[PDB]
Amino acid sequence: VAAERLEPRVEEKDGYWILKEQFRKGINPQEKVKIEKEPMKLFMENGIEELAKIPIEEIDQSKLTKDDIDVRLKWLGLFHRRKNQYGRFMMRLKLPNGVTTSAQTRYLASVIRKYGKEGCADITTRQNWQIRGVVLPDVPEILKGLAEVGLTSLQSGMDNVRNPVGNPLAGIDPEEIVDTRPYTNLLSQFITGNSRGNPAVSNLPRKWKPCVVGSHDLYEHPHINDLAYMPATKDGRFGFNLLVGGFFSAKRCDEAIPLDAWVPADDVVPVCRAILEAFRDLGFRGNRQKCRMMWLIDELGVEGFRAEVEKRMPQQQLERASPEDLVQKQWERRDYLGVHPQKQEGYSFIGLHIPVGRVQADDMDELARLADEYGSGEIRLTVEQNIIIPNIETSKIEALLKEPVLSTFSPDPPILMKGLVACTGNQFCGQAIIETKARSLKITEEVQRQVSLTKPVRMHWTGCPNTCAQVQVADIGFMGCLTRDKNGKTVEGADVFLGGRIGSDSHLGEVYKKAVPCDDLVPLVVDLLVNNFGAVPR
């Protein structure tokens, strides 16, 4: 790698970061959008106020404003559903470590309730909230309302640092390694500039995903993150070994690799900043399929990339990885659904199943009520799109289990439902090839009617090759496609994946059978479960 390759390609100009004039050749259309107008201005210079007043039919008549609503608004966490819900916006938060409050939950419910049949909410595979139905004129008031209840939606889409994932059992599990909340909180505060916006990390070549590990279970999926902090002691000091570059895409899925770096716990934010600066400064900005950070690591080599991180650390110091980390390889991933004792004597948490992560306003209010009556007003989201209500006096559990809403959001659903994960799909997503959430529920119900089993088989349904529902981590994965029935008629189908493993002995699954009509999946899956997962016909 020539020394010229290491010249930073962006510069700070009037508070924002922009591609230098000599590096603008050959860039992709999204890079052109960012140059034409700085997306962060919509928030930081309150550009959204005037934009929100323009009727959407008028907005669509000019490239600048159409790009504002279809692209730049994703820096404020707003996602125009142009194809499938025209004129409505999905809104995505920052929710470090998946932690929410009852007050926040009620606020989100009040927003979606306004939109009737156009509104609902979802828990995401990054233990985050999305709300639906938002109209542009309401955006300024919603931004204000979110701020009032201690939420931000900043920098949650496009070329930004995505939700910081942590241990859903942080602070409450007798078996945790380290409470991840302080670290994910710090990362979120850094990324968003304490909810004011942070332009230094908002002009990346591509999205970038961080997680902090605190569980032996590896609930955080460090193997598939751009930056994973693995807790490790080095020379008698607590800190983290760093894994880099994990990502999924239509083209390529790669597990994170060691940076060969350890940082003391207090250096979590400094090293996040150094890695982001290196990626920002040096990353390819051509073909979008070659812009994730792993591509930079392959171009420079991991050592070349490491040197770039090191030069951006305070005092330019970056220690080598500790030979061992604190994560025990002898471990069985634990079910968190149901009632479990906390490390605080006399308290329990309860994991509740949320079918395919989908809730309505009334459901959110009920969950918020439970958290107030039984817990401490806290609701935690998980990456399997479920919830945990912590801090429940154990004496209250008997009464809790009789609550009617627990028949719908159950502490002990059938085993296949416990592990079922599904993305948005074509109900709302314009990229989706098939419908996912309703279909996956229907198929899983029919499968479980036919077989019993004891192994916690994890089934993931994703609507297109972007693999937001991570089919490559599943015991059985389903990737949306169009295929043909026996008569040659177009029908929805799935490419079926096998081989995904999570925890310390992680592995990426691969396509097992292509183009199976969705209507034909039940017998295929029943047989797979019996033949490979010890299932028994009923």
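One rule holds for the numbers: they count along the sequence shown, beginning at 1.
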Mean C-alpha temperature factor, higher of 499 to 507 and 46 to 54:
46 to 54
Out of 481 to 489 and 26 to 34, which stretch has the higher average CA B-factor listed in the record?
481 to 489
From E384, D362, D372, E319, residue of greatest CA B-factor
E319
Out of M293, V451, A422, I112, which shows the largest CA B-factor listed in the entry?
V451
Split the chain's modelled residues into thirds by Cα B-factor; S249 lands in the middle
Record-listed C-alpha B factor of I69: chain third:
middle
Considering only modelled residues of the same chain, in which third does the CA B-factor of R306 rank: lowest, middle or highest?
middle
Cα B factor band for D335 (lowest, middle or highest third within the chain):
middle
So where's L300 on the chain's Cα temperature factor ranking, which third?
highest
